[PDB]
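Structural features, examined
One letter stands for each residue in the lines below.
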Amino acid sequence: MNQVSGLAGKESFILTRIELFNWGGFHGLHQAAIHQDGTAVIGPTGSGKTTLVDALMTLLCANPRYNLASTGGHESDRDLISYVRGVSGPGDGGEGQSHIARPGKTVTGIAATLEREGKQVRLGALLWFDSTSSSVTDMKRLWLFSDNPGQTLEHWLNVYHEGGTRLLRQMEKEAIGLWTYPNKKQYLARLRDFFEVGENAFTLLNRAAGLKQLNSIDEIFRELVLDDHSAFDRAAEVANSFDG
Amino acid sequence: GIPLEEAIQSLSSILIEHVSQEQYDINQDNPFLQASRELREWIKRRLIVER
Amino acid sequence: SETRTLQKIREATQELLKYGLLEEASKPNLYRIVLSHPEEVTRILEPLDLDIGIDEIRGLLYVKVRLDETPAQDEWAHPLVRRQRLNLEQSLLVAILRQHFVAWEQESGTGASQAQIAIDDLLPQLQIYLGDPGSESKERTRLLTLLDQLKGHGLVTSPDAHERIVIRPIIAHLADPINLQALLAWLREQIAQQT
Amino acid sequence: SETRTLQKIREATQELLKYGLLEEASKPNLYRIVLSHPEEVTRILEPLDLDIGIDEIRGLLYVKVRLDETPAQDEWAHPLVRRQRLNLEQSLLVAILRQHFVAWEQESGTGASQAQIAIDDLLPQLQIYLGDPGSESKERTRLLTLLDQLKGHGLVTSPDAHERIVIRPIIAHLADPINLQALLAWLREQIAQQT
Amino acid sequence: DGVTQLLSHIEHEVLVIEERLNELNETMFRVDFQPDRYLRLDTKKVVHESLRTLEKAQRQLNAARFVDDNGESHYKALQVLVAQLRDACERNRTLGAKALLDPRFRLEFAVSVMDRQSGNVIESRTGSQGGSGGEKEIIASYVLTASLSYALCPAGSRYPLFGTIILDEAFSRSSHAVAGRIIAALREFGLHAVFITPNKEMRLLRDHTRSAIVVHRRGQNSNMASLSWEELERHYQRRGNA
Amino acid sequence: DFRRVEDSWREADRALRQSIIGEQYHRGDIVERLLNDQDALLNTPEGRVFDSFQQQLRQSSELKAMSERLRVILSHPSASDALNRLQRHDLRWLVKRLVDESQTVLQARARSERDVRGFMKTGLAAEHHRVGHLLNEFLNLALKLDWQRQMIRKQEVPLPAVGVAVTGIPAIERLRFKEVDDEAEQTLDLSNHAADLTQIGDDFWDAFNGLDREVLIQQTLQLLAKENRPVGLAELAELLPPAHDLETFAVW
Ligand SMILES: Nc1ncnc2c1ncn2[C@@H]1O[C@H](COP(=O)(O)OP(=O)(O)O)[C@@H](O)[C@H]1O
């Protein structure tokens, strides 16, 4: 039983930390440690367990499906904007128009650490608003990849608070083992390169968090694995060309 | 002289417009990068000159 | 009230020490102050065992270790010298980058150009020496790590949105003919000892 | 034919810049040399906007930013000295250690030796304000990590075989201890309000 | 440049799916579903009427491409094909339309539990839903774990490089005795696991995990504490005395 | 041939640079070409034809006469039947674009000549040649090493230290400590309330502890081993006090 427990973290990178800052209902800086022999996230329904999974998936995927466990089958209610702003759609009772926890200028950071035989790899994301706007184009994003133990989400937040994106870029220039991407496509490409797995792997990892609404093998295959790759849009273009 | 960024943007838009075709091997993952790469392929091929 | 080094000179020296190198293309003002009073800057840096190396052609000043006669050599052992001596793979990448830099400098105009190269260009040249690790992702990761180390040495910049790096002019003074001759002699000795 | 600065003075200055301090206990030779020629070292550091603060009572030398007039510039900036603001927990630990060091100096006279403290003696103090992390092991881990961070800044040393750490003399000079006292008072007031 | 290319692309996607399933069968071969049984997959093909009508229309188009009438018969055949395509597109979720224009809908799916030494099929669920809430859950969890292990494994390697996976309230229809088998299988595939459990199943995961992140809300402020099961037990003991 | 002329000038500049670099007596064929104020890039093929073309174009009178005649012809009704809108517009403005292209090509030539003159100064051709030769030798020699051994790849080389940065002096005054504010209050609250499970729900604790049938399995097995007799459910309950009532019984 315990002999097998040592296999994890030897030939693979295992998650061993999550750090959040102004993410969902996690106001301030929160840190959670994850054991190398499997970990359980437990708590009364309506805390921040789905919030944590969504932070991790945001760090991992390109268009993560938020709250997939309960909203599977239909479109998700939550989005990145509502996590950054800390909206409280569900819990009401004194709801002041969705009770946006952080309506003004704000910064939210998320960070996940992975380890293998003492080698560390940290994924991070800083998402901030400079005004009261809530448009997707008004949120400034900076993704971070690191293999240096000294590059922690706390350090990134300190640098941001001190000197905005200018000092963030300057720190990246003089930092050893840090890579900052302003556009998530390049950051996901770097993740793909490091972990030698295509986008389908992380998309499937995302879909795995919504396995509750399962059915016969056919639905599990056509809805969980072997992602869509459908051709319902190409058919429309073909039809329009044939109309011409 | 067309600025490099504008040419890359135009090539990326054209590349996305024809992602379906199998001949072109256009990758939807990050068309912009591919466009840039393509342009560079023709800069060291001497079709165009960068300065 | 007392002898105070001119605030222009102090500011220029502090910037030079902070950044190691001072380029006219980025900070022409401080570069010009340093050039105007090279003796003053040399006197300021003397107690630190540091000296200023100038390249007026490239418009580039830099700080190098000042060895009096024979300080046991080991210039990398200077207390104020951070970083570590370049290793063989870093030296090979530096040679490749210097070859690219010389190629760019040959066909160079009269204004600032900031020699650039795509990361994908270095992949086959490196693969020739380090071998094929098995897939494109592995070699890309290896190249990115090497480039990060070199940037830590100040010879390059991190890849930009187009997957292109800039080879800094400091390389022309790291891999210059004298240093390249020394490295070639050392490599020949290593090869002879190996066999 | 030149005017090279004395080898020992250059070594002392480079050591001081590299470590930012000079303890008679650790480097008696360099400390004595700097004491013998304070004018030379202050002149050397003048161009860099730096100075040495003597402290013969504790046998400690340190680098202090000798800036310009800088009228009431509470946000003074130095190119070579990067300012850091410590955490809430780190600041609390620093304040606790500073007050303990002051108490040790009072009880042993100014300029005492090896103001030590015990990890078990610090755990309850941290638990009073920061609260209970949820276990003895977690408390010890938190305290050890904070002590490691402080040692990185050069304020304490690693625990010995007796689980004791020595507060280094550099705690005596911390720019603005008034902020530390205010933070401690605020924390104690908050705790009293809670109870 | 269209229609024919679209159909060829759909067929190629079907082929890719089939090969992916075939090479995931080998990754599932290395782990025993039951104690010495092991599980395999079978693709098979859909026999919908829409696909056969499409085949008829494609044959007509191929025949018409050889007619010499200035592309009139060819145009008519292409018109029939495009009419079929538009019919499918407008009703984008009828089973026929999905089978026509969805690569992962032209072929069925089936699992088969076999014997490690005896290669004979011992239980082949050829679709054949016929299963309890716990049985379907077991099969789905096992197949999803196998797929995750295969996907996260770098090409030419049997050990995933990104070894961490996240499950969210995975097990709800299965008994506590069969969920442990799922956890054992997940560990066997080399995947480190982070489970998200409701207030239930806190005893089920206590036998397969060494630590828990307790997430508790204190109003609008969620907090998290990472504690070993023993420290959680000590917290409970404090509660019982408070 | 407007682009061909620029291509020829670029090739001529490259050839001149290569000749300067590869020549062993730089001093002669540098001053012989620098003191001169001629083209220094006289591409004998097309490029001299462009000079005559410029001479003809710069001639006045004929240019405006041809432009006026072109517009007169464009005005003719049959022109619309002959050409189309784009071709008509291009033909009408032919002279303007011709002069614009001539100016662009002349600017390119002047720029290239200035660039080659600047390269001829700074006397870096010899250094470029020596550096290229040394780099070629080093890269050819490096093929004899074993690059699959970390011992070889991590060998330290004798390259010098250039660009030594003296930054990050400790300067104990550099440290500042957290000041009381809302952020400090929030941090203190988070530190205190993390691992504070008192307010957590009661049902959470109730579900935390439950019948671990694993231990009960072995306990029951040991009880039967001790008795080694046929035991009923009531007797088992008496001997083993169930703490969960039917939860145990189902297991039994
Ligand atoms: N992005 C968000 N949008 C809406 N509500 C949120 C968000 N983040 C946190 N919350 C609030 O915090 C709680 C989230 O509960 P959580 O434990 O994440 O869900 P679950 O019980 O499904 O795992 C709810 O009370 C919800 O109102």
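Cut-off values and rules
- Residues numbered from 1 in each chain as written, not as in the entry; some residues may be left out.
- Chains lettered and ligands numbered in written order.
- Part of a larger assembly, values for the part shown.
- Heavy atoms only, no water.
- Contact = heavy atoms within 4.5 Å.
- Helix = DSSP H or I, 4+ residues; strand = E, 2+ residues; numbered from the N terminus.
- Expected span 1.5 Å × (residues − 1).
- Buried < 20%, exposed > 50% of the residue type's maximum accessible area, 1.4 Å probe, protein only.
- Arc of directions from axis to C-beta.
- Near = heavy atom within 4 Å.
- Polar contact = N/O pair within 3.5 Å; in protein donor to acceptor, adjacent residues only side chain to side chain.
- Nonpolar A, V, L, I, M, F, W, Y, C, P; charged D, E, K, R; others polar.
- Salt bridge = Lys/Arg side-chain N within 4 Å of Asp/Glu carboxyl O.
- Pairing = 2+ DSSP bridges.

- Per the PDB entry, chain E carries the name JetC and comes from Escherichia coli.

- As annotated in the PDB entry, chain A carries the name JetC and comes from Escherichia coli.

What to know about the arrangement of the chains
- Of all 13 pairs of chains that touch, the greatest number of contacts is found between chains A and E.
- Separated throughout, chain B and chain D approach each other most closely at a C-alpha pair spaced 35 Å apart.

Notes on helix α5 (residues 119-130) of chain D
- A rise of 1.5 Å per residue sets the reference length of α5(D), with its twelve residues, at 16 Å; its end C-alpha atoms lie 16 Å apart and thus fit the reference within 8%.
- Three or more residues of α5(D) are buried, namely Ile119(D), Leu122(D), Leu123(D), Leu126(D), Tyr129(D) and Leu130(D). Around the axis of α5(D), the buried residues are gathered within 140 degrees of arc, so they sit on the same side.
- At its buried positions, α5(D) is contacted by α4 (88-108), β5 (115-118), α6 (136-152), β6 (164-167) and α7 (177-194) of chain D together with α10 (182-193) of chain F.

Quick word on the site of the ligand
- Contacts to the ligand come from 18 residues, most closely from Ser47(A), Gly48(A), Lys49(A), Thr51(A) and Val87(A).
- More than one chain approaches the ligand, the contributing ones being chains A and E.
- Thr50(A) places a polar main-chain atom, nitrogen or oxygen, 3.1 Å from an oxygen atom of the ligand.
- Between the ligand and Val87(A) there is a distance of 3.1 Å, counted from a nitrogen atom to a backbone nitrogen or oxygen.
- For the shell around the ligand, the secondary structure elements donating two or more residues are α2 (49-60) and α4 (80-85) of chain A.
- For the shell around the ligand, the leading source of residues is α2(A), giving three residues.
- A class-by-class count of the residues in the shell around the ligand yields three nonpolar, twelve polar and three charged.

Topic: the pattern of salt bridges
- Tallied over the full model, the rule gives 64 salt bridges over all chains.
- The closest approach of N and O atoms between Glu40(C) and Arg43(C), which form a salt bridge, is 3.7 Å. In this pair, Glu40(C) and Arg43(C) both sit in helix α3 (residues 38-45), three residues apart, roughly one turn of the helix.
- Taking relative accessible area as the criterion, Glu40(C) reaches 27% and is therefore assigned partly exposed.
- Here the residues in one salt-bridge network are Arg4(C), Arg10(C), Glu46(D), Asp49(D), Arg66(D) and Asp68(D), joined through shared partners.

Quick word on the pairing of strand β3 (residues 60-64) of chain D
All names here are of chain D.
- Burial of β3 is extensive: four of the five residues sit out of reach of the surface.
- Pairing of strand β2 (residues 51-55) with β3, which is carried by five bridges, proceeds in the antiparallel orientation. By the bridge assignment, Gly-53 is partnered in β3 with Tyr-62.
- Hairpin connection of β2 to β3: four residues between the antiparallel strands, including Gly-59 at a positive phi of 60 degrees.

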